[PDB]
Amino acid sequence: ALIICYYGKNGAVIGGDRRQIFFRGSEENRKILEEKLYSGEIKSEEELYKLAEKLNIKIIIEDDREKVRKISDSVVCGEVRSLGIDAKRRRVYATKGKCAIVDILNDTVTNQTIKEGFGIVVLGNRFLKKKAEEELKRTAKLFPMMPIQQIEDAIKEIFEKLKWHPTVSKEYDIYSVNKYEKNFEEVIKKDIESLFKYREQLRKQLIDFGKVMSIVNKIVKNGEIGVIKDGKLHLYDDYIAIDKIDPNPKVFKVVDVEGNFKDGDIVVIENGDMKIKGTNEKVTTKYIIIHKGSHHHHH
């Protein structure tokens, strides 16, 4: 990944590639290739796969998503992410005269530095930042007096100069603005809050996925579920009934049933077929029956 951002009174400009590389392998080989990629010895994508193949580790390049956003006519944002044990992020926000470098670990903002004036921020691996510096070190001081367009272009040249490297996609996005954001801190806080809501939703859906699947596993294949009291199936304290296969379904102790039976008869199931114990006559119901406990025969 590579993000280059400029901020000044003339405006904010930010360019970013789209490359994300996933690794799937052992710890040592992950770390060995991880360093060799940023060491600069890896030339192109050919030697990446080929060396990764030698280390019996699969890599998956994905250039299909933008690292940079234009939040408004006043603000632009660029994000780099590094996922593993933790979900580490590095964002850079920019506007007319101001710039904000934010550091996120999981669901927390570790650091947030805001700056007023003129400057350039570059996000990426150690190799690209080293290379990008040595392009900017000369040309950077001409930025403050340039128009926006010329800076966008100046940055385009830097991406074209570096994109050959396999940590950078061959295509890239650039967005710019020349309006000042009055509530620059609030805008950033609100954009970040969305991320934390998304992670919350992700965890809530992940919990509810399992919560539904648990219920499916609790469906009674074979059990002695209850007794017909007063023309209705009174279920034991062990079993309960539910209307749908939902994450939070409605619980029932007494259930409506259709079939040939009387009061006092024991209700059972075998091989998913609900019948009367002794009669072995077929009995139907609109509701799904389950164990109350998620433990029947260990878990």
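The first residue of the sequence shown is number 1, and the count goes up from there.
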item: Mean C-alpha temperature factor, higher of 242-250 and 265-273; value: 265-273
item: Mean C-alpha temperature factor, higher of 92-100 and 222-230; value: 222-230
item: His291, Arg18, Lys282, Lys9, ranked by C-alpha B-factor: the highest one; value: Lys282
item: Third of the chain's Cα B-factor distribution that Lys179 belongs to, per the entry; value: middle
item: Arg65, C-alpha B-factor rank within chain (lowest, middle or highest third); value: middle
item: Chain-wide C-alpha B factor ranking for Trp164, given as lowest, middle or highest third; value: highest
item: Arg138 - Cα temperature factor, lowest/middle/highest third of chain; value: highest
